[PDB]
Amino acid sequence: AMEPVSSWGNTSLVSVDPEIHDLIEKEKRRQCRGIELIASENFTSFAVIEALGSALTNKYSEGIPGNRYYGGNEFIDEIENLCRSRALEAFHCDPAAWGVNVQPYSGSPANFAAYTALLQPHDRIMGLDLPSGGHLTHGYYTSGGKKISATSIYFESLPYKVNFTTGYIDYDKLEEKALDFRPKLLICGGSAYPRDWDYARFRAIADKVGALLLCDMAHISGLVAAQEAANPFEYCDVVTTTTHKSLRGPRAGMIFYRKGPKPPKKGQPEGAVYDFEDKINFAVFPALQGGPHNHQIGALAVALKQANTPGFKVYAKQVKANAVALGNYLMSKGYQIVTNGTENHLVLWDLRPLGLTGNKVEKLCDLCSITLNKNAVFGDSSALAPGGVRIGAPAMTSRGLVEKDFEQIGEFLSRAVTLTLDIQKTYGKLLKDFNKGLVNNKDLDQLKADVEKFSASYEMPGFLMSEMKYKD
């Protein structure tokens, strides 16, 4: 006789699996007690989480609204239709001119499905170089010829770079490379670029070379929705994105695409219309994915309602103000940040004038509950180790921090790199020598204590600190 539904199927997690419950509670405390500066990280809302953890996971719904493979989809269809319509609203798109597919499981699935829809295998693609701040999904191969990204495995990629002196995208060199290489797809957007993008110039270049133009706005999508960044939809054919990061939603992806008549073009028929919609939907399903994750789609619909509010626009402004305040604090102490400022959510800190690598600063910061990541500076790939760190404002801004709180984060960071220099001075630059300073270091222990006391004093979206298992 089967174990009754009430026993295996309705009992709470704490009773069914205490081991996993305890680990989630330790993770909740860790999220409270640290300074989260990873620029792709955020803390999403309880309401998002409630839709994410729901019976929507129980429904297979292959196809799209109106064109499903089987039945029972009356309410899945309303949810997905509402999610699509809220996505277009949040990004201020006319539905007569733009559509969206909200089924991609995450950002990288969204990008590969866009490529699969738009290109043939082996077609040429250009994206921002990884050491210049691009993302793996935009193409990456090593100097030894090893194809790392599946984009470089299944297509033919060539990167473009920032100017090695200024840290800005070298638009003239990109134009020159694209005229030589003739990509079928030109990608803009990136993961570690501290300035806004000139989409109008990308459109000029794409038109010269005959390329499709795609923007991957994953890192900045919250700023785009809030009209706190340049609008890629004004110039790009397709726009991909994650829904987490600065949009503060669940982990998922979206693909936006143009619809309707095409703008006037050289020697090509009158009345021509875009033909992206069917290709993109078909690439997502049946080509690449299986059943949608309807709980993710439901949670995304919640996130998009939350993003299309006056409150979210104030958040987006504060994210930017906090990044500027942190960058200015660091610069005031003599530190050097790439381009000497920022226009978005992140700062790139050049550690070479300190004689440090980002590997050392990242390792020491992680030991005092500050999470950031090493990052190449000025597009360099010849340095043994990356010469900088990337630091982002979205996550701590979501916990209510404002400029003065980010200036205190700046001083914690200044303390961290001072300790890092102290270790390197005492023990040396070699990592097995540097590691000697990371154990039994009372100054490091004290910085960890200060960081955790600071972090633990702010609110937290998504769960109630007052009810968590580990409150200290």
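One-based numbering along the sequence shown.
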210-218 or 70-78, whichever carries the higher mean Cα B-factor: 70-78
Highest mean C-alpha temperature factor of the two stretches 359-367 and 266-274, which is it? 266-274
Highest recorded C-alpha temperature factor, please, choosing from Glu343, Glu175, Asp129, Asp237. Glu175
Out of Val439, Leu37, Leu413, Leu52, residue topping the C-alpha B-factor column of the entry: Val439
What third of its chain's C-alpha B-factors does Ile187 belong to: lowest, middle or highest? lowest
Hey, what third does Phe434 fall into on Cα B-factor, ranked over its chain? highest
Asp22's Cα B-factor: lowest, middle or highest third of the chain? lowest
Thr426 - Cα temperature factor, lowest/middle/highest third of chain: highest
For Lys28, return the chain-relative third of its C-alpha B-factor as stated in the PDB record: lowest, middle or highest. middle
